[PDB]
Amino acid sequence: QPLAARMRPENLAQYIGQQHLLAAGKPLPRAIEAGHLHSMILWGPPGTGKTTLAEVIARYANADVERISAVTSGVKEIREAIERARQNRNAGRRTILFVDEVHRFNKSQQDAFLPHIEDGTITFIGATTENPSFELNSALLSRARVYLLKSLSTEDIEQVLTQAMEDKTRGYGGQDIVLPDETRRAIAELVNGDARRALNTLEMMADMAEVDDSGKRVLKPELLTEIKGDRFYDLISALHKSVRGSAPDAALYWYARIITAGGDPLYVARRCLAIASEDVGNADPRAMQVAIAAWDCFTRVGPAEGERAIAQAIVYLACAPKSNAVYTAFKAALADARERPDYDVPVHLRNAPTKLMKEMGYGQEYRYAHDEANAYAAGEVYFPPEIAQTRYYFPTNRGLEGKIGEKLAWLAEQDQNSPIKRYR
């Protein structure tokens, strides 16, 4: 999904180097390239390419990978990983069980892996930032070689940054984003040998940068300088409420807050569709289209321009005439269908009533509305008789509902005056 993950190297020529370990002709790379698996502990600061290296080892070995983290894993996910390796072994395939931050596992959680190492179900790759010998079972260490990874040189971070800019398919290649050398170095200066933070930054900058008239984004050093709980739900809530309250200004403010805090702007796009049916409904049917259009736009354009499309929709909705009459009408219909008995469809409304059914229904026949005056079957009743006198929908007088209210009032008269009435 994110840039960091997308940009993961697939072979040793893309891997930006821990050259003291991987320089061609050395022992590790000879093993990797031969596809010779051995369990390992990888020790290195954040973003040294521990995760990615493990993935590369798997591809040379023609093996599968499962990743887990000692941070967000307890007994449940350990057993899951194990069992999954087990099925993969029964299908005849090899498995690398990668474990991030292994030192966070306690002795007994560490032990759970040895029978599966011993018995060939998995090759184990553990990654940490702390010293391995300090806090891992010696039983583990005796079966897993330790390798020391160093933080990257500036040259190498810069290389990681260019690789991402140049890649036409997984990176920003052919995407009209310019990374000036001055800012490439300034990111290198800041991230202190951490490549993941470096890709994160780049992506953050790409997301935040404004588009000029040519469609180009230039990631200036000035932009760099410039930089799911109840707090989040409350922000969504204040946005919705501002829109409902016809307050476009505050609405933008809440939207901006959700955006800058890393909220998904598609999440907000979904709320705009909901709001289109619940707070506007038929006072303005186009609102649904404005909201669909903003979604469609987000989906085809860069983040900052996408977010402006959604912004446009928020202000459209904040400004629109307001009606909860479809919402209230549909809630009441639901309640009746859930609470009232299962009334049959009256004969005159059935798809193809047989002549027996017609006679069982006391001569009652479908009245085709198009063949009657005004294409209205004045006096007809569309509810089962047990609930003939039912109204759910009360148009407001806002927007288009003004005229809807008049049409309905005029229909209701045609009904009252009709000489042919259902059920009477």
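One-based numbering along the sequence shown.
Counting the unmodelled positions of the deposited sequence between residue 71 and residue 72 gives zero. Stretch comparison (215-223 versus 242-250) by mean CA B-factor in the PDB entry places 215-223 on top. Here 228-236 and 84-92 are compared by their mean Cα B-factor, and 228-236 comes out higher. The residue among 330, 295, 113, 255 whose C-alpha carries the highest B-factor in the deposited model is 113.
Taking the deposited Cα B-factors for 282, 131, 123, 351, the highest one is held by 131.
When the modelled residues of the chain are ordered by their C-alpha B factor, residue 101 lands in the highest third. Annotation for residue 48: CA B-factor lies in the middle third of the chain's modelled residues. Among the modelled residues of the chain, residue 404 sits in the lowest third by CA temperature factor in this PDB entry. Residue 359 sits in the highest third of its chain by CA B factor, as recorded in the PDB entry. Among the modelled residues of its chain, residue 168 has a C-alpha B-factor that falls in the highest third, as given in the PDB entry.
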